[PDB]
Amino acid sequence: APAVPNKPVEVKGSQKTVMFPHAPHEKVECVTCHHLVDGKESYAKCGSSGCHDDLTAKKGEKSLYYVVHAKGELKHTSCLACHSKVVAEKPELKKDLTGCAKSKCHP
């Protein structure tokens, strides 16, 4: 695999950009997020052409907003789905990991 980035990286939408840190996710398997595509591994950007390249729609497989924020029923784990399970076990982190304002994603 390539080396994991050692600094936070940009995740751009149509209007806002959020910084993603790999360090706190050191014990999550790479494949949980960089999922297989047509049975092969890939570390391309999520919003790459032919991937989740619709930067304005809020629903649908092709929407980057949806694959990031949807709370349930998906084929792979979204950022908000996993963070909601962590907050049930560590409720002190609710606003940092799930808030829409003043959180670690949208400070």
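Just count from 1 along the sequence shown to find any residue number.
Participant: Averaging C-alpha B-factors over each stretch, which comes out higher, 26-34 or 73-81?
Facilitator: If you average the C-alpha B-factors of 26-34 and of 73-81, the larger mean comes out for 73-81.
Participant: Per the entry's values, where does residue 17 land by CA temperature factor relative to the rest of its chain, in the lowest, middle or highest third?
Facilitator: As the PDB entry reports it, the C-alpha B-factor of residue 17 lands in the middle third of its chain.
Participant: Could you tell me which third, lowest, middle or highest, the C-alpha B-factor of residue 46 occupies within its chain?
Facilitator: As the PDB entry reports it, the C-alpha B-factor of residue 46 lands in the middle third of its chain.
Participant: Lowest, middle or highest third: where is residue 101 by Cα B-factor in its chain?
Facilitator: According to the entry, residue 101 has a C-alpha B-factor in the chain's highest third.
Participant: Taking the chain's C-alpha temperature factors as the reference, tell me which third residue 64 falls into: lowest, middle or highest.
Facilitator: As the PDB entry reports it, the C-alpha B-factor of residue 64 lands in the middle third of its chain.
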